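Novice: Handing you this structure, nothing more for now.
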Amino acid sequence: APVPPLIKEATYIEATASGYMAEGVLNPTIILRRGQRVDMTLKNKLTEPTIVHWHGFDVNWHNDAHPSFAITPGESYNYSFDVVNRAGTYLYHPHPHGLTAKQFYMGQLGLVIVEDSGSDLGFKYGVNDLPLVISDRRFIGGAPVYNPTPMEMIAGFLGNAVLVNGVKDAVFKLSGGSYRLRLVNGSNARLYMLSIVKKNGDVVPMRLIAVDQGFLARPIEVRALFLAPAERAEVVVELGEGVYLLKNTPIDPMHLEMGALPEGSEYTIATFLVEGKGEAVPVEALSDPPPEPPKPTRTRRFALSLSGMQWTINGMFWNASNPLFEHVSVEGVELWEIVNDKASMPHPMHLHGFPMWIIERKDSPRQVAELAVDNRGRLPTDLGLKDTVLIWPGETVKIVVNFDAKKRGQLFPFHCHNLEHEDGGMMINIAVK
Ligand SMILES: [Cu+2]
Ligand SMILES: [Cu+2]
């Protein structure tokens, strides 16, 4: 059962090429309590600038940290903030402009778990609460390489094998019982459609309980889950004795932007060898429903498009020379109508600083529409509070965001979490007024 090691006291972290080093362990899971104070110093031990981003955290832009605050090698950066996020599974990872994909892919990515009264639901981390950080790699001679061509910067850098928690061909040896699996897409670009199946047997229903920004109102039974880069979905499964497989199953990846392990091919991501009898953990109710969405005062349309060799948002993209460029000025509660062009590819769009309520999916591909659970085209994952949402070519996704006036005068990136798209500039500053 290989999962990241746990630490509570994240006081000092070193950015190294292989990953984050804290208290002698690599990429540990930082576990925090809702409401606690975080004081943490980042030391840059790389040969290039970097900065840590607390993915999904409600903090100011000094603690986000905005990419403009990146530190040079040998420098340090202090983070100090109160955790006001809902209990859930978050990430910490690099955010220097133009260097994030490589640093992230070469190993700098860890989990941040936020806990709250009763949020562990009776499961124990590393026993039956299992994070599965799914990361693909392009292996050459059994070693990962990050060498995207210009066409791979446009499309995303896809690996030829899939790791779980850094482990090739991951195998989990478990006893029969209940398992909470925290599915995390830690890949640069690869999309997954995830299912758990009995080997040579039937699909195991998964009971979705939480996504990016925390618990659903109630568990939802699903047979398959789309999980794009930086999305998180926590499910509960009942495993009897036998062999089970976490698999990717076939999809149309809709690479329509420009005319080794295909995204829609079927393959095993992890194997569960279930022997013995262990604890059953009943999960009948969740005690932390997401808030209802606020009422927006204006509608703002966003078009996702390829402008030549440059991915853009409303035609705009990162100004490498001016990281404080104010691409969009916002205020109050807004409804964002995010339209992905037909000649495009799926984009997992992610907003810093402010979570998002998903209101509606329109013109989704059938493989998505078939999984929706309401009249507004919403997927089960769309029913929780989110911070990263996948928008398919031709599809319109409507979200509502509250640009809290307490954050006036700060800048927060809005960007695609396909890291090649991000390093390629598919990122703009949202300036809160
Ligand atoms: Cu983020
Ligand atoms: Cu993208």
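In the structure tokens, the first chain shown is A, the next is B, and so on; residue numbers restart at 1 for each chain, and ligands run from 1 in the order shown.
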Please, which residues have at least one atom within 10 Å of an atom of ligand 2, using only C-alpha atoms and all ligand atoms, listed as a PDB file with N, CA, C and O atoms, in the first residue's frame?

Specialist:
ATOM      1  N   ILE A 154       1.621  22.487 -27.781  1.00  0.00           N
ATOM      2  CA  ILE A 154       0.251  22.789 -28.181  1.00  0.00           C
ATOM      3  C   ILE A 154      -0.715  21.746 -27.628  1.00  0.00           C
ATOM      4  O   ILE A 154      -1.811  22.074 -27.166  1.00  0.00           O
ATOM      5  N   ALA A 155      -0.346  20.479 -27.704  1.00  0.00           N
ATOM      6  CA  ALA A 155      -1.284  19.416 -27.385  1.00  0.00           C
ATOM      7  C   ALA A 155      -1.192  18.937 -25.945  1.00  0.00           C
ATOM      8  O   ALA A 155      -2.153  18.351 -25.440  1.00  0.00           O
ATOM      9  N   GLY A 156      -0.083  19.171 -25.279  1.00  0.00           N
ATOM     10  CA  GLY A 156       0.126  18.506 -24.011  1.00  0.00           C
ATOM     11  C   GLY A 156       1.132  17.375 -24.146  1.00  0.00           C
ATOM     12  O   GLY A 156       1.212  16.693 -25.181  1.00  0.00           O
ATOM     13  N   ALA A 189      -0.814  16.645 -18.491  1.00  0.00           N
ATOM     14  CA  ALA A 189      -1.826  16.865 -19.524  1.00  0.00           C
ATOM     15  C   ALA A 189      -2.844  15.737 -19.653  1.00  0.00           C
ATOM     16  O   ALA A 189      -4.000  16.022 -19.984  1.00  0.00           O
ATOM     17  N   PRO A 229      -6.236  16.997 -15.383  1.00  0.00           N
ATOM     18  CA  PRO A 229      -5.148  17.493 -14.527  1.00  0.00           C
ATOM     19  C   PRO A 229      -5.616  18.444 -13.429  1.00  0.00           C
ATOM     20  O   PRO A 229      -6.367  19.392 -13.673  1.00  0.00           O
ATOM     21  N   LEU A 304     -12.139  29.985 -25.136  1.00  0.00           N
ATOM     22  CA  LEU A 304     -10.869  29.275 -25.150  1.00  0.00           C
ATOM     23  C   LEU A 304     -10.545  28.950 -26.598  1.00  0.00           C
ATOM     24  O   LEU A 304     -11.337  28.284 -27.273  1.00  0.00           O
ATOM     25  N   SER A 305      -9.384  29.413 -27.072  1.00  0.00           N
ATOM     26  CA  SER A 305      -9.048  29.325 -28.490  1.00  0.00           C
ATOM     27  C   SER A 305      -7.549  29.165 -28.655  1.00  0.00           C
ATOM     28  O   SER A 305      -6.763  29.660 -27.839  1.00  0.00           O
ATOM     29  N   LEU A 306      -7.160  28.497 -29.734  1.00  0.00           N
ATOM     30  CA  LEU A 306      -5.765  28.483 -30.155  1.00  0.00           C
ATOM     31  C   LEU A 306      -5.544  29.636 -31.133  1.00  0.00           C
ATOM     32  O   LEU A 306      -6.150  29.666 -32.207  1.00  0.00           O
ATOM     33  N   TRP A 311      -2.111  29.369 -27.127  1.00  0.00           N
ATOM     34  CA  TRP A 311      -3.419  29.205 -26.494  1.00  0.00           C
ATOM     35  C   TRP A 311      -3.826  30.495 -25.803  1.00  0.00           C
ATOM     36  O   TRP A 311      -2.999  31.159 -25.173  1.00  0.00           O
ATOM     37  N   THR A 312      -5.109  30.851 -25.896  1.00  0.00           N
ATOM     38  CA  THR A 312      -5.544  32.133 -25.357  1.00  0.00           C
ATOM     39  C   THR A 312      -6.857  32.010 -24.595  1.00  0.00           C
ATOM     40  O   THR A 312      -7.615  31.051 -24.751  1.00  0.00           O
ATOM     41  N   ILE A 313      -7.114  33.019 -23.770  1.00  0.00           N
ATOM     42  CA  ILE A 313      -8.350  33.140 -23.004  1.00  0.00           C
ATOM     43  C   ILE A 313      -8.928  34.514 -23.307  1.00  0.00           C
ATOM     44  O   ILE A 313      -8.298  35.535 -23.001  1.00  0.00           O
ATOM     45  N   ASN A 340     -15.502  26.682 -24.949  1.00  0.00           N
ATOM     46  CA  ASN A 340     -14.335  26.115 -25.607  1.00  0.00           C
ATOM     47  C   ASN A 340     -14.625  25.989 -27.099  1.00  0.00           C
ATOM     48  O   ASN A 340     -15.658  25.430 -27.491  1.00  0.00           O
ATOM     49  N   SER A 344     -10.394  22.847 -30.916  1.00  0.00           N
ATOM     50  CA  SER A 344      -9.693  23.010 -29.651  1.00  0.00           C
ATOM     51  C   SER A 344      -9.580  21.620 -29.046  1.00  0.00           C
ATOM     52  O   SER A 344      -9.874  20.619 -29.709  1.00  0.00           O
ATOM     53  N   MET A 345      -9.152  21.557 -27.791  1.00  0.00           N
ATOM     54  CA  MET A 345      -9.089  20.288 -27.078  1.00  0.00           C
ATOM     55  C   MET A 345      -9.631  20.529 -25.669  1.00  0.00           C
ATOM     56  O   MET A 345      -9.811  21.687 -25.279  1.00  0.00           O
ATOM     57  N   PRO A 346      -9.941  19.491 -24.896  1.00  0.00           N
ATOM     58  CA  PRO A 346     -10.459  19.736 -23.545  1.00  0.00           C
ATOM     59  C   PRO A 346      -9.435  20.522 -22.730  1.00  0.00           C
ATOM     60  O   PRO A 346      -8.234  20.261 -22.805  1.00  0.00           O
ATOM     61  N   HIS A 347      -9.910  21.523 -21.989  1.00  0.00           N
ATOM     62  CA  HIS A 347      -9.051  22.344 -21.131  1.00  0.00           C
ATOM     63  C   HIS A 347      -9.536  22.248 -19.690  1.00  0.00           C
ATOM     64  O   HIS A 347     -10.690  22.617 -19.408  1.00  0.00           O
ATOM     65  N   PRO A 348      -8.708  21.780 -18.735  1.00  0.00           N
ATOM     66  CA  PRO A 348      -9.094  21.888 -17.317  1.00  0.00           C
ATOM     67  C   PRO A 348      -8.804  23.280 -16.766  1.00  0.00           C
ATOM     68  O   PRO A 348      -7.676  23.580 -16.355  1.00  0.00           O
ATOM     69  N   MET A 349      -9.813  24.145 -16.753  1.00  0.00           N
ATOM     70  CA  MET A 349      -9.577  25.535 -16.407  1.00  0.00           C
ATOM     71  C   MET A 349      -9.609  25.691 -14.892  1.00  0.00           C
ATOM     72  O   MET A 349     -10.482  25.138 -14.216  1.00  0.00           O
ATOM     73  N   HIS A 350      -8.662  26.457 -14.364  1.00  0.00           N
ATOM     74  CA  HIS A 350      -8.471  26.554 -12.924  1.00  0.00           C
ATOM     75  C   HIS A 350      -8.337  28.017 -12.525  1.00  0.00           C
ATOM     76  O   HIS A 350      -7.561  28.763 -13.133  1.00  0.00           O
ATOM     77  N   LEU A 390     -13.205  20.789 -16.256  1.00  0.00           N
ATOM     78  CA  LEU A 390     -12.877  20.401 -17.621  1.00  0.00           C
ATOM     79  C   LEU A 390     -13.952  20.914 -18.571  1.00  0.00           C
ATOM     80  O   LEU A 390     -15.144  20.683 -18.346  1.00  0.00           O
ATOM     81  N   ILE A 391     -13.532  21.613 -19.622  1.00  0.00           N
ATOM     82  CA  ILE A 391     -14.432  22.127 -20.658  1.00  0.00           C
ATOM     83  C   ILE A 391     -13.994  21.525 -21.988  1.00  0.00           C
ATOM     84  O   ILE A 391     -12.836  21.682 -22.396  1.00  0.00           O
ATOM     85  N   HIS A 415      -6.180  30.050 -15.425  1.00  0.00           N
ATOM     86  CA  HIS A 415      -5.358  29.378 -16.423  1.00  0.00           C
ATOM     87  C   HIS A 415      -5.796  27.940 -16.626  1.00  0.00           C
ATOM     88  O   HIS A 415      -6.516  27.357 -15.812  1.00  0.00           O
ATOM     89  N   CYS A 416      -5.323  27.369 -17.722  1.00  0.00           N
ATOM     90  CA  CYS A 416      -5.506  25.948 -17.948  1.00  0.00           C
ATOM     91  C   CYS A 416      -4.488  25.159 -17.143  1.00  0.00           C
ATOM     92  O   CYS A 416      -3.318  25.554 -17.042  1.00  0.00           O
ATOM     93  N   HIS A 417      -4.932  24.043 -16.560  1.00  0.00           N
ATOM     94  CA  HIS A 417      -4.015  23.245 -15.768  1.00  0.00           C
ATOM     95  C   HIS A 417      -3.358  22.122 -16.556  1.00  0.00           C
ATOM     96  O   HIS A 417      -2.708  21.258 -15.956  1.00  0.00           O
ATOM     97  N   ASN A 418      -3.535  22.099 -17.877  1.00  0.00           N
ATOM     98  CA  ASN A 418      -2.610  21.376 -18.744  1.00  0.00           C
ATOM     99  C   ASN A 418      -1.285  22.138 -18.688  1.00  0.00           C
ATOM    100  O   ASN A 418      -1.206  23.299 -19.105  1.00  0.00           O
ATOM    101  N   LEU A 419      -0.256  21.528 -18.103  1.00  0.00           N
ATOM    102  CA  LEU A 419       0.919  22.319 -17.739  1.00  0.00           C
ATOM    103  C   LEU A 419       1.690  22.797 -18.966  1.00  0.00           C
ATOM    104  O   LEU A 419       2.386  23.813 -18.895  1.00  0.00           O
ATOM    105  N   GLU A 420       1.578  22.098 -20.091  1.00  0.00           N
ATOM    106  CA  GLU A 420       2.164  22.615 -21.332  1.00  0.00           C
ATOM    107  C   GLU A 420       1.408  23.846 -21.817  1.00  0.00           C
ATOM    108  O   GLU A 420       2.017  24.826 -22.270  1.00  0.00           O
ATOM    109  N   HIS A 421       0.077  23.820 -21.722  1.00  0.00           N
ATOM    110  CA  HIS A 421      -0.703  25.016 -22.036  1.00  0.00           C
ATOM    111  C   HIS A 421      -0.351  26.158 -21.081  1.00  0.00           C
ATOM    112  O   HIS A 421      -0.230  27.321 -21.493  1.00  0.00           O
ATOM    113  N   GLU A 422      -0.182  25.836 -19.794  1.00  0.00           N
ATOM    114  CA  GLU A 422       0.148  26.845 -18.803  1.00  0.00           C
ATOM    115  C   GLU A 422       1.519  27.447 -19.062  1.00  0.00           C
ATOM    116  O   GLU A 422       1.658  28.670 -19.132  1.00  0.00           O
ATOM    117  N   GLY A 424       3.061  27.393 -21.798  1.00  0.00           N
ATOM    118  CA  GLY A 424       2.881  28.081 -23.063  1.00  0.00           C
ATOM    119  C   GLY A 424       2.118  29.387 -22.982  1.00  0.00           C
ATOM    120  O   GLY A 424       1.949  30.048 -24.008  1.00  0.00           O
ATOM    121  N   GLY A 425       1.652  29.798 -21.803  1.00  0.00           N
ATOM    122  CA  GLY A 425       1.051  31.105 -21.654  1.00  0.00           C
ATOM    123  C   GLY A 425      -0.461  31.142 -21.566  1.00  0.00           C
ATOM    124  O   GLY A 425      -1.035  32.233 -21.583  1.00  0.00           O
ATOM    125  N   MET A 426      -1.130  29.994 -21.461  1.00  0.00           N
ATOM    126  CA  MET A 426      -2.587  29.988 -21.364  1.00  0.00           C
ATOM    127  C   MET A 426      -2.965  30.312 -19.921  1.00  0.00           C
ATOM    128  O   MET A 426      -3.459  29.471 -19.167  1.00  0.00           O
ATOM    129  N   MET A 427      -2.730  31.572 -19.552  1.00  0.00           N
ATOM    130  CA  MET A 427      -2.871  32.044 -18.181  1.00  0.00           C
ATOM    131  C   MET A 427      -2.977  33.551 -18.235  1.00  0.00           C
ATOM    132  O   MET A 427      -2.183  34.196 -18.925  1.00  0.00           O
TER     133      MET A 427
END

Novice: If you take only C-alpha atoms and a cut-off of 12 Å, which residues of region 335-375 of chain A touch region 283-290 of chain A, and what are their nearest atom pairs and distances in Å to one decimal, in chain and number order, as JSON lines?

Specialist:
{"residue": "A:355", "atom": "CA", "partner": "A:290", "partner_atom": "CA", "distance": 11.1}
{"residue": "A:356", "atom": "CA", "partner": "A:290", "partner_atom": "CA", "distance": 11.0}
{"residue": "A:357", "atom": "CA", "partner": "A:290", "partner_atom": "CA", "distance": 9.3}
{"residue": "A:358", "atom": "CA", "partner": "A:290", "partner_atom": "CA", "distance": 11.7}

Novice: Could the residues in this selection be written to a file with C-alpha atoms, as a CSV table (one decimal), in the first residue's frame?

Specialist:
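result.csv written:
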chain,number,residue,atom,x,y,z
A,355,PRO,CA,-13.6,28.5,-5.7
A,356,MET,CA,-16.2,27.9,-8.3
A,357,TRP,CA,-19.8,26.6,-8.4
A,358,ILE,CA,-20.7,24.7,-11.5

Novice: Mind listing the residues within 9 Å of ligand 1, only C-alpha atoms and all ligand atoms counted, as a count of residues only?

Specialist: 21

Novice: I need the residue nearest residue 379 (chain A) from this list: A:328, A:208, A:343, A:243. Use only C-alpha atoms for the distance.

Specialist: A:208

Novice: For a quick check of understanding, using only C-alpha atoms, which of A:104, A:26, A:16, A:2 has the smallest distance to residue 170 (chain A)?

Specialist: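 Between A:104, A:26, A:16, A:2, the residue approaching residue 170 (chain A) most closely is A:2.
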
Novice: How far is it from CA of residue 211 (chain A) to CA of residue 245 (chain A), in Å with one decimal?

Specialist: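 Separation of CA of residue 211 (chain A) and CA of residue 245 (chain A): 21.5 Å.
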
Novice: Using Å and a single decimal, report how far CA of residue 58 (chain A) sits from CA of residue 133 (chain A).

Specialist: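 If I compute the distance from CA of residue 133 (chain A) to CA of residue 58 (chain A), I get 22.3 Å.
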
Novice: Could you pull out the strand (DSSP E) residues of region 154-397 of chain A, going by DSSP on the backbone, and write them as a PyMOL selection string?

Specialist: chain A and resi 161-164+167-168+171-185+192-198+203-204+206-211+214-222+225-227+232-239+242-248+267-277+298-307+310-313+328-330+332-340+347-351+357-362+388-391+396-397
